[PDB]
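One chain comes next, on its own, written as structure tokens: the form deposited in one PDB entry.
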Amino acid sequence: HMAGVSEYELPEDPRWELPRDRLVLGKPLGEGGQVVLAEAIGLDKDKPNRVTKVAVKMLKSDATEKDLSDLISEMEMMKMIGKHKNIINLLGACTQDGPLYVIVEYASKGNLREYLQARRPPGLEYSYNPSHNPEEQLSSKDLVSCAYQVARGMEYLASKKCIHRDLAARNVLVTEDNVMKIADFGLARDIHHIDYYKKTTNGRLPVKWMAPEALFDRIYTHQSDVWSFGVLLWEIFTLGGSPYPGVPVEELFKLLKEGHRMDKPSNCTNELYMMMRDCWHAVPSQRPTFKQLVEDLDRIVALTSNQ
């Protein structure tokens, strides 16, 4: 476990520091680290009487000293990377008079995976809609536009020397205005060899988004992120589909080595599928960059129908 919060010297930053009484705790948003919904009073000094819905990150009742440094690490990392419309930005923090709170932007519509699944057409082209409360079906343009925003955010993160290392639909959140925001891009990398078998609390296997070199040699770069983006693209056009269906984790090693790739999803243009194949190129140097991906997608968004 960890020592008292007072036992440690939390990084106090006047620009982001916010009084704890200015935060009105709400319902839990995520459990891993712990996130909860909250209402901040006067986040913007220019308007101290305005309330704003935000997400509050805090450690668990059972946290290690490393967990505290990791959280701080992400906070300072977000400051470094800066702000961008397509990423979950830092809003403030509480480093005094209580536990450490890292305030970030709130995405009312949850992660992209569940977002899409809830908007699956009754048709046959997709799996059955899991959501008990279906939503309006997205247009063809909406999906490509969704890919554009994600690639847009990654392009920015790439220009900031930031390597996500786990880009996936689950790691992309949707705002109330349907804006795509990449999350968990400032997390600290573990210094202990990974367990390709470990599964997330959501029952997700990170190995399915990892590039061959990142999976076999544990090498992470912007190129490996482009690979993940290729898998993310696959998820979009499958409306929250599961990568490599019916393929065991252990089998994934051989298959990927064989140069095998996922088949084009139903209702997916060949141009968009070729983009996925280019991202899934065997040679890192041959995969396209986020800069290019943003350009092609922009061109595609303008051509793609919205009806």
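The numbering used is simple: start at 1 and walk along the sequence shown. In this text, the rigid core denotes the largest set of C-alpha atoms whose superposition between the two forms falls within 1.5 Å.
Another form, the form solved in complex with a small molecule, is not on view; read the next lines as being about it.
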- Query: Out of the stretches listed (228-236, 104-112, 137-145, 212-220), which one is close to the small molecule in the deposited complex, meaning heavy atoms within 4.5 Å?
  - Reply: 104-112
- Task: Name the residue from 116, 163, 94, 183 that puts a heavy atom within 4.5 Å of the small molecule in the deposited complex.
- Result: 183
- Query: Within 4.5 Å of the small molecule in the deposited complex, heavy atoms considered, which of 170, 84, 120, 152?
  - Reply: 170
- Query: With the partner left out of view, is residue 247 within 4.5 angstroms of the small molecule in the deposited complex by any non-hydrogen atom?
  - Reply: no
- Message: I'd like to know if residue 78 sits close to the small molecule in the deposited complex, meaning any non-hydrogen atom pair within 4.5 angstroms.
- Response: yes
- Message: in the deposited complex, does residue 63 come within 4.5 Å of the small molecule, counting heavy atoms only?
- Response: no
- Partner contact for residue 55 in the deposited complex: the small molecule, 4.5 angstroms, heavy atom: yes
- Heavy atom of each of 29, 35 and 88 within 4.5 Å of the small molecule in the deposited complex: yes
- Message: Against the rigid core, a Cα displacement of 2 Å or more between this form and the one not shown applies to just one of 165, 204, 85, 109. Which?
- Response: 204
